[PDB]
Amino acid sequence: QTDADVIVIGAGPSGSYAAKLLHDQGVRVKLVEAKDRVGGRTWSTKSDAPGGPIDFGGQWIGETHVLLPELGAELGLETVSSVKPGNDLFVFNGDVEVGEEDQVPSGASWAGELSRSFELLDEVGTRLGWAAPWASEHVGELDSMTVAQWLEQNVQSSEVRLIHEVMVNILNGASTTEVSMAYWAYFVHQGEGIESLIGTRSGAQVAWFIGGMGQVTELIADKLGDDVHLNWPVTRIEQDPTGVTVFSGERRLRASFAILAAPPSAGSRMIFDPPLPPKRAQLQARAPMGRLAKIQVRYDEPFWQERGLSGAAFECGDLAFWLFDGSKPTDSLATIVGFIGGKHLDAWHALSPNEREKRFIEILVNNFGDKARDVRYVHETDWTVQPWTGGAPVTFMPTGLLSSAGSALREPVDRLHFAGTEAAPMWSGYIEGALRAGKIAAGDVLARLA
């Protein structure tokens, strides 16, 4: 006797979507979540911050994402463009260089090497591919070196190296010395290439949902009602020939199938009986979360526009950030959003909380003008202290893992299927990846219930 046909573990976008798809087909589903809320790495509030709704977690929609805007449209949400006209900045240890709209500065001496370094990164990624990078002829050697070592071999310009460093520390939440070059190259390729992922007004960053991204999982949970269990951290998965028992301490739920819709690092904390096969076990233990904080400051007006700036900036150097204008037309304040990750977040963490705030305002004053001192609101979400997540924005892998265990990202283990963005064939790391992996896992389980 089963409590459900399928138990979905994790109420992020991936698990929420998988649960919705199965529920919509008349499958009996339970959606179990460790935290006191749904959303996972997505997390927003309409009312808690002055100036309008605010997203603490992921919030950008990409121009080639289709499951995410289609689901948002089905749930009654509306999008708005994130595209901000004006010059992006490229800042090198506080030395401001003004872009031409989203392009490198007019006759920057590093423009040509940046272009070549992006072509070479794309080419390395193409050699790996997204379907089976672990099976690629090139992968063993690339997976034995770090991104930092690849930069030392292939990049001469300090500017180009600093741009690559901010992008790895943010997009993977980890230092170029910590990430496998094979993992990085694969990651960027499977996100439609480097220009896709680093777009300030194109590629992965073009739109938002009015009212916050957390609405996606909240509206799904409303419809699932009593089949959602919060404060239900999964501690043990048992499997036998007829089903799966999922435990939260002594609390237990029995189903025919289970979908793990959480990162490999989440899986590593659970006890499996029988034990997982070896590649999946190594993958869970050795693919950690990156580290990222999201800092937001609100103001009366997007005063950066007085210098004709977009508010986007590659803030490069020892305390690197990716900065955006996060303002919506429906908001009553303007927002600057800054991301800081990996080794730059380690430095950020070494500062006192008051030093961090003062330092972030000094950056904004340097880049955007003195009106940056006239703050209305200052907030940080440090993803490293979020219980049952412990990092952001994504899973990364150190040397030797992708080539030896990557095939375990996607493969079911008996009656346990993997969703979560890390299992998506493309757009792993993104909400779109979360939905595609949820779709895949719901379809696989639905075929096994028929």
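The first residue of the shown sequence is 1; numbering continues from there.
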{"query": "Mean temperature factor over C-alpha atoms, higher-scoring stretch between 86 to 94 and 177 to 185", "finding": "86 to 94"}
{"query": "158 to 166 versus 281 to 289 - greater average Cα B-factor per the deposited record", "finding": "158 to 166"}
{"query": "Selection from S265, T217, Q296, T330 [criterion: highest C-alpha temperature factor in the record]", "finding": "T330"}
{"query": "Highest-ranked of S248, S352, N172, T146 once sorted by CA temperature factor in the record", "finding": "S352"}
{"query": "CA B-factor placement of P398, once the chain's modelled residues are sorted into thirds", "finding": "lowest"}
{"query": "CA B-factor placement of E63, once the chain's modelled residues are sorted into thirds", "finding": "middle"}
{"query": "Third assignment of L276 from its chain's C-alpha B-factors", "finding": "lowest"}
{"query": "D48 CA temperature factor, ranked by third within the chain", "finding": "highest"}
{"query": "Chain thirds of CA B-factor: placement of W110", "finding": "highest"}
